[PDB]
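A.B. asks: Got a structure here, written out as structure tokens. Questions coming.
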Amino acid sequence: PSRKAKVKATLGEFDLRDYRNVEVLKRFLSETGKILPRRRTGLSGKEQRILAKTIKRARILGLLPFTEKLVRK
Amino acid sequence: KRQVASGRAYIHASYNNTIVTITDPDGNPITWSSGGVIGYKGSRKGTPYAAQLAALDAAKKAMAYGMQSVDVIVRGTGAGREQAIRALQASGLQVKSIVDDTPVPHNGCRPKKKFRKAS
Amino acid sequence: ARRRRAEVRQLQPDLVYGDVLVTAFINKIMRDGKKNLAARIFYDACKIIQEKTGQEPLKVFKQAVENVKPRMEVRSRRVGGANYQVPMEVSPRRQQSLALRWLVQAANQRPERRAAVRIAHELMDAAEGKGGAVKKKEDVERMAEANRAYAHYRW
RNA sequence: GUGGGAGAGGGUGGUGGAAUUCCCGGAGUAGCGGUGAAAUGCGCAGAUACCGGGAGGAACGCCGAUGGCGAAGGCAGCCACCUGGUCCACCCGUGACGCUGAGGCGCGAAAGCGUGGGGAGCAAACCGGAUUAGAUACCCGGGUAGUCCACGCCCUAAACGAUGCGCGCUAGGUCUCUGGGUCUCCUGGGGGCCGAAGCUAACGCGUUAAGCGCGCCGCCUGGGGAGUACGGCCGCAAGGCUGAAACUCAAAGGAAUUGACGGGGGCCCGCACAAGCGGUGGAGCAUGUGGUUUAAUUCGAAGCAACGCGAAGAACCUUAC
Ligand SMILES: [K+]
Ligand SMILES: [K+]
Ligand SMILES: [K+]
Ligand SMILES: [K+]
Ligand SMILES: [K+]
Ligand SMILES: [K+]
Ligand SMILES: [K+]
Ligand SMILES: [K+]
Ligand SMILES: [K+]
Ligand SMILES: [K+]
Ligand SMILES: [K+]
Ligand SMILES: [K+]
Ligand SMILES: [K+]
Ligand SMILES: [K+]
Ligand SMILES: [K+]
Ligand SMILES: [K+]
Ligand SMILES: [K+]
Ligand SMILES: [K+]
Ligand SMILES: [Mg+2]
Ligand SMILES: [Mg+2]
Ligand SMILES: [Mg+2]
Ligand SMILES: [Mg+2]
Ligand SMILES: [Mg+2]
Ligand SMILES: [Mg+2]
Ligand SMILES: [Mg+2]
Ligand SMILES: [Mg+2]
Ligand SMILES: [Mg+2]
Ligand SMILES: [Mg+2]
Ligand SMILES: [Mg+2]
Ligand SMILES: [Mg+2]
Ligand SMILES: [Mg+2]
Ligand SMILES: [Mg+2]
Ligand SMILES: [Mg+2]
Ligand SMILES: [Mg+2]
Ligand SMILES: [Mg+2]
Ligand SMILES: [Mg+2]
Ligand SMILES: [Mg+2]
Ligand SMILES: [Mg+2]
Ligand SMILES: [Mg+2]
Ligand SMILES: [Mg+2]
Ligand SMILES: [Mg+2]
Ligand SMILES: [Mg+2]
Ligand SMILES: [Mg+2]
Ligand SMILES: [Mg+2]
Ligand SMILES: [Mg+2]
Ligand SMILES: [Mg+2]
Ligand SMILES: [Mg+2]
Ligand SMILES: [Mg+2]
Ligand SMILES: [Mg+2]
Ligand SMILES: [Mg+2]
Ligand SMILES: [Mg+2]
Ligand SMILES: [Mg+2]
Ligand SMILES: [Mg+2]
Ligand SMILES: [Mg+2]
Ligand SMILES: [Mg+2]
Ligand SMILES: [Mg+2]
Ligand SMILES: [Mg+2]
Ligand SMILES: [Mg+2]
Ligand SMILES: [Mg+2]
Ligand SMILES: [Mg+2]
Ligand SMILES: [Mg+2]
Ligand SMILES: [Mg+2]
Ligand SMILES: [Mg+2]
Ligand SMILES: [Mg+2]
Ligand SMILES: [Mg+2]
Ligand SMILES: [Mg+2]
Ligand SMILES: [Mg+2]
Ligand SMILES: [Mg+2]
Ligand SMILES: [Mg+2]
Ligand SMILES: [Mg+2]
Ligand SMILES: [Mg+2]
Ligand SMILES: [Mg+2]
Ligand SMILES: [Mg+2]
Ligand SMILES: [Mg+2]
Ligand SMILES: [Mg+2]
Ligand SMILES: [Mg+2]
């Protein structure tokens, strides 16, 4: 049930409010460009709420995607 | 005839019919088919079988253009989406990849009554 | 048959070729429980497969039965709004029951007025691939699959 | 007051991507769409499916929750500006300055109204196609008002927790949002669930009371007539607020109980279906019955569970006509 090491574990310190850290933010998006749930992010209510605001900033800047196509099916 | 050798295969699944479109690397159609092109004309166009035939018709027609390998692209849900995916693979055509690219709005247009009250 | 999988009756092997598949066929030829007249008929029929074929009777028999076995048959089924003739694989068991039934049926649809002949002639026309029996078998196989559009109603 | 905090609270401007529709170009050809099945419809003036470019309107996927904010209605992409409420810590300042609140004033989903604008998708009415015994419906193809913006009206609702506001008191357990601390855990504010005592007709409620108490407001007094009539007030209208009488009923009603029932669910049986073999329904006849006829055609049996049934013996007898 979504158990493959939460994205927070496999990662170090990072400014959750930094909308430019693509290499870090990129981690919180799925195969698609969708924001991973908390079961996967591992973040907390308060953290996750800031992740979202951050990511949505990245997207508008073009640094991050809104949607991805799935390779398989 | 024109010779492409490598291109794309689009599968438009629907609960009412499936239609396949083969295209050159730039997305311009070369040939196409569908449950209607083959015999079927009522509710059978939706059938997984019809999708199969439509898929094979597409490939063959695209053999005439000397095409050999394709990149499958799937759109929509629909009884007989997967049969197409399979019909192609097993048909001379080398399936290099399969990619689902069904369009989904970030919620913009109000659905017809028939498709509301969802979620 | 709501509670158990009803085991299959084992038939007393043939009082000649000793084969069980023969007794089966004999039982189908039978009627009004005249086991005697029945078997007799099947036997004079093996005698006729002889005086007209250098081949062994039993060999001709089992050969025919094989070509009359349908490997697919359409079975009705409702899916709300109509009944769809759904194609479907035929069981090893049902194949035999069907093959045998059809042989007697076709055989008795023949012209020659001697029972033993009809069976004999039908068994032969079958071995080759012709005759009213193989017809049904081919009419059904084709009748099924000709509805392959409903192969997703597996069942 | 000082210092911190969280939040889809409100207003204005800006702005991002996905999708739909339309227009343009390419490539390409016979259907697409749609349903239970179909048709209407659209397509060789080249549709559908595919790529590229453009225009416009509306709504914000994932995050998203069992979550948060607000007095309620209600509030969800992102950015800035303007602005409301509220929680915690420190005990710093005032010194009962408090609670409630008839009337008043403001706010108040959707639909609807007025003026102007906008109009992609959706869609009352409406035009058609199916369906049906009919089908002024459900299904399908179209489609105007409307839905959107501004300004002004309207003031309703299952406007609901169907639970007025404030304060004090009365076991705990557990999940959660947000703040402080000596940070296993303690402590404050909010959201849930289980529950002490207690309450309750029951169901249930139970420190987020429907418990124990005090303060103030609103409201109820059998059902139908009727949220009607009249009057008044308000509204452009639609209509809103207030709100009866005659007549008439023995009830209307709440919760829970045992059944029965369901085009409710789960599990499971029976020659119930399916698989299969023979047959009835057609013929001639035998026999029971309906009907009809007759002086009388004795009587009874009635869907299953009446009809070779009472009749295991009608020429007279039996025999009841
Ligand atoms: K809408
Ligand atoms: K047509
Ligand atoms: K289509
Ligand atoms: K909520
Ligand atoms: K209107
Ligand atoms: K509005
Ligand atoms: K107003
Ligand atoms: K803490
Ligand atoms: K009680
Ligand atoms: K309950
Ligand atoms: K009460
Ligand atoms: K009035
Ligand atoms: K007024
Ligand atoms: K007036
Ligand atoms: K039931
Ligand atoms: K029966
Ligand atoms: K069957
Ligand atoms: K009859
Ligand atoms: Mg169709
Ligand atoms: Mg402060
Ligand atoms: Mg805080
Ligand atoms: Mg904070
Ligand atoms: Mg807000
Ligand atoms: Mg074009
Ligand atoms: Mg036409
Ligand atoms: Mg032409
Ligand atoms: Mg044209
Ligand atoms: Mg052209
Ligand atoms: Mg189009
Ligand atoms: Mg385009
Ligand atoms: Mg626009
Ligand atoms: Mg326009
Ligand atoms: Mg509140
Ligand atoms: Mg609400
Ligand atoms: Mg504030
Ligand atoms: Mg002090
Ligand atoms: Mg003092
Ligand atoms: Mg007050
Ligand atoms: Mg209003
Ligand atoms: Mg309103
Ligand atoms: Mg409105
Ligand atoms: Mg208007
Ligand atoms: Mg207008
Ligand atoms: Mg206009
Ligand atoms: Mg429409
Ligand atoms: Mg319509
Ligand atoms: Mg006015
Ligand atoms: Mg409610
Ligand atoms: Mg206590
Ligand atoms: Mg605890
Ligand atoms: Mg706490
Ligand atoms: Mg609490
Ligand atoms: Mg809550
Ligand atoms: Mg108790
Ligand atoms: Mg009570
Ligand atoms: Mg009780
Ligand atoms: Mg409780
Ligand atoms: Mg209290
Ligand atoms: Mg009142
Ligand atoms: Mg009264
Ligand atoms: Mg009213
Ligand atoms: Mg009165
Ligand atoms: Mg009265
Ligand atoms: Mg009265
Ligand atoms: Mg009741
Ligand atoms: Mg039993
Ligand atoms: Mg049984
Ligand atoms: Mg039995
Ligand atoms: Mg049967
Ligand atoms: Mg039969
Ligand atoms: Mg008869
Ligand atoms: Mg009489
Ligand atoms: Mg009579
Ligand atoms: Mg009597
Ligand atoms: Mg009688
Ligand atoms: Mg007499």
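Just so you know, the sequences run in chain order A, B and C.
Note that full-length UniProt numbering has the first sequence beginning at 16, numbered continuously upward.
Note that full-length UniProt numbering has the second sequence beginning at 11, numbered continuously upward.
Note that full-length UniProt numbering has the third sequence beginning at 2, numbered continuously upward.
Virtual Cβ for every residue (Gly too), placed ideally from N, Cα, C.
Are three or more beta carbon pairs between the region 43 to 60 of chain B and the region 54 to 66 of chain A nearer than 8 angstroms?
C.D. replies: Because the criterion of three Cβ pairs below 8 angstroms is not met, the region 43 to 60 of chain B and the region 54 to 66 of chain A do not touch.
A.B. asks: Does the Cβ of A/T25 have 16 or more other Cβ atoms within 10 Å, making it buried, or fewer, making it exposed?
C.D. replies: So A/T25 ends up on the exposed side.
A.B. asks: Is there a Cβ of chain B sitting closer than 7 angstroms to that of A/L51, yes or no?
C.D. replies: So no, A/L51 is outside the interface.
A.B. asks: Under 8 angstroms by Cβ, that's how I've got B/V82 and B/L98 pegged, so tell me the actual separation to the nearest angstrom.
C.D. replies: Rounded, the Cβ-Cβ distance is 6 angstroms, consistent with contact.
A.B. asks: On a Cα-Cα basis, can you pick out the residue from C/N84, C/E67, C/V69, C/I30 that is closest to C/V75?
C.D. replies: Among C/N84, C/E67, C/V69, C/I30, the Cα nearest to that of C/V75 is on C/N84.
A.B. asks: What runs of the beta strand (DSSP E), each 3 residues or longer, lie entirely inside the region 58 to 97 of chain B?
C.D. replies: For the region 58 to 97 of chain B, whole beta strand (DSSP E) runs of length 3 or above, ordered along the chain, are 79 to 85.
A.B. asks: Whole angstroms is fine: what's the gap from C/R4's alpha carbon to C/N28's?
C.D. replies: Roughly 28 angstroms separates the two Cα atoms.
A.B. asks: Considering only residues of the same chain and omitting the five flanking positions on each side of C/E146, which have a CB-CB separation below 7 angstroms?
C.D. replies: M73, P88, listed in sequence order.
A.B. asks: Which same chain residues, not among the five before or five after C/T24, have their C-beta less than 7 angstroms away from its C-beta?
C.D. replies: Contacts found: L12, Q13, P14, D15.
A.B. asks: Would you say B/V30 faces chain A, with C-beta separation under 7 angstroms as the test?
C.D. replies: Chain A contact via Cβ: absent.
A.B. asks: Flag C/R149 as yes if its beta-carbon sits less than 7 angstroms from any beta-carbon of chain B, otherwise no.
C.D. replies: Yes, because at least one Cβ of chain B sits closer than 7 angstroms to the Cβ of C/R149.
A.B. asks: Which whole runs of the alpha helix (DSSP H) in the region 55 to 89 of chain C are 4 residues long or more, in chain order?
C.D. replies: The region 55 to 89 of chain C contains these whole alpha helix (DSSP H) runs: 58 to 68.
A.B. asks: Comparing alpha-carbon positions, which option in C/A152, C/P112, C/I50, C/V105 lies nearest C/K137?
C.D. replies: Answer by Cα proximity: C/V105.
A.B. asks: Measuring only between beta-carbons, confirm whether A/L76 sits less than 7 angstroms from chain B.
C.D. replies: It does not: the Cβ of A/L76 has no partner Cβ on chain B nearer than 7 angstroms.
A.B. asks: Using 7 angstroms as the limit for Cβ to Cβ distance, is B/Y25 near chain C?
C.D. replies: No - not a single Cβ of chain C is within 7 angstroms of the one on B/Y25.
A.B. asks: Could one say the Cβ of C/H122 lies closer than 7 angstroms to chain B's Cβ atoms, at least one of them?
C.D. replies: Judged by the 7 angstroms Cβ criterion, C/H122 is not in contact with chain B.
A.B. asks: Give the C-beta separation of C/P71 and C/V91 to the nearest angstrom, bearing in mind that I take them to be a contact with Cβ-Cβ under 8 angstroms.
C.D. replies: That pair is a contact at about 5 angstroms.
A.B. asks: Entirely within the region 38 to 81 of chain A and at least 4 residues each: give me those alpha helix (DSSP H) ranges in chain order.
C.D. replies: For the region 38 to 81 of chain A, whole alpha helix (DSSP H) runs of length 4 or above, ordered along the chain, are 53 to 56, 60 to 76.
A.B. asks: For C/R119, which residues from the same chain have a beta carbon less than 7 angstroms from its beta carbon, with the 5 sequence-adjacent residues on both sides left out?
C.D. replies: Contacts found: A108, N109, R111, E113.
A.B. asks: Give the secondary structure of B/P115 by DSSP, where H, G and I count as helix, E and B as strand, and everything else as coil.
C.D. replies: Coil.
A.B. asks: How about the region 123 to 135 of chain C and the region 62 to 69 of chain C: do they share at least three Cβ pairs that are nearer than 8 angstroms?
C.D. replies: Contact between the region 123 to 135 of chain C and the region 62 to 69 of chain C is present, because at least three Cβ pairs lie under 8 angstroms.
A.B. asks: Look at the Cβ atom of A/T47, then the Cβ atom of A/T82, and state whether they are nearer than 7 angstroms.
C.D. replies: Yes; because the gap between Cβ atoms is below 7 angstroms, this pair is in contact.
A.B. asks: Quick check on the DSSP output: the alpha helix (DSSP H) that includes C/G132 runs from which residue to which?
C.D. replies: Start and end: 132 to 144.
A.B. asks: Whose C-alpha, out of B/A94, B/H22, B/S79, is nearest the C-alpha of B/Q104?
C.D. replies: Ranking the options by Cα distance to B/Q104, first place goes to B/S79.
A.B. asks: Who are the neighbours of B/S107 on chain A, taking C-beta pairs under 9 angstroms?
C.D. replies: Within 9 angstroms Cβ-Cβ: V86, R87.
A.B. asks: Output needed for C/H122: all residues of its chain with C-beta closer than 7 angstroms, excluding positions within five of it in sequence on either side, in chain order.
C.D. replies: So the list reads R111, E113, once near-sequence residues are dropped.
A.B. asks: Does B/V47 have its Cβ less than 7 angstroms from a Cβ in chain A?
C.D. replies: With 7 angstroms as the cut-off, B/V47 does not count as an interface residue toward chain A.
A.B. asks: Secondary structure at B/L103, three-state DSSP: helix, strand or coil?
C.D. replies: Of the three classes helix, strand and coil, the one that applies to B/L103 here is coil, per DSSP.
A.B. asks: Could you work out which residue in B/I29, B/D111, B/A72, B/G52 is closest to A/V86 when comparing CA atoms only?
C.D. replies: For the residues B/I29, B/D111, B/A72, B/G52, the minimum Cα distance to A/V86 belongs to B/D111.
A.B. asks: Find out if the Cβ-Cβ distance for the pair A/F43, A/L51 is shorter than 7 angstroms.
C.D. replies: In this structure, A/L51 lies closer than 7 angstroms to A/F43 by Cβ.
A.B. asks: Out of curiosity, what's the CA-to-CA distance linking C/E8 and C/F26?
C.D. replies: Spanning the two alpha carbons is a distance of roughly 20 angstroms.
A.B. asks: Determine whether the beta carbon atoms of C/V69 and C/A117 lie at a separation below 7 angstroms.
C.D. replies: Not closer than 7 angstroms, so no.
A.B. asks: Under three-state DSSP, which class holds B/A19?
C.D. replies: Here B/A19 sits in strand by DSSP.
A.B. asks: Between the region 57 to 76 of chain B and chain C, which residues of the former have a C-beta closer than 8 angstroms to a C-beta of the latter?
C.D. replies: Residues passing the 8 angstroms Cβ filter: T57, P58, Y59, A60.
A.B. asks: If I follow the unbroken beta strand (DSSP E) through B/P39, where does it start and stop?
C.D. replies: Its beta strand (DSSP E) spans residues 39 to 44.
A.B. asks: For C/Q51, which residues from the same chain have a beta carbon less than 8 angstroms from its beta carbon, with the 5 sequence-adjacent residues on both sides left out?
C.D. replies: Closer than 8 angstroms at the Cβ level, and outside the excluded window around C/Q51, lie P58.
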